[PDB]
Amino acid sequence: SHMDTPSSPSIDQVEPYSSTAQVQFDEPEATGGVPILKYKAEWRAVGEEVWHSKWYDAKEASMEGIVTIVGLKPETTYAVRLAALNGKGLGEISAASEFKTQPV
């Protein structure tokens, strides 16, 4: 009788530059029963406790196949994960993917 939140997106690869990175991902296998509305990316520098997060429109993300994370520091290793938002709320977070920003 009730829809749930989406299953997890999958991160394929991350293409990092100096202060930004392109996160390549797959849509959830299951929407949960109602449509994906937004994506949330969360990232943090490995070793640190604080997570940074940003919302992304579902339409452009799923069409481009990417979300772009910003405000990164050069030469630094990060963990990133993704979750889909539907009408019920936030779904399962993806497995974390680790990348390193390039040197300036």
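Numbering starts at 1 and runs along the sequence shown.
Trainee: When the Cα temperature factors in the entry are averaged, is it 79-87 or 17-25 that ends up higher?
Mentor: Mean CA B-factor is higher for 17-25.
Trainee: Averaging only over Cα atoms, indicate whether 38-46 or 69-77 has the higher B-factor in the PDB entry.
Mentor: That would be 69-77.
Trainee: Is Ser7 in the lowest, middle or highest third of its chain when residues are ranked by C-alpha B-factor?
Mentor: Tercile = middle for this residue's CA B-factor.
Trainee: Grab the CA temperature factor for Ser97 from the record and place it in the lowest, middle or highest third of its chain.
Mentor: Tercile = middle for this residue's CA B-factor.
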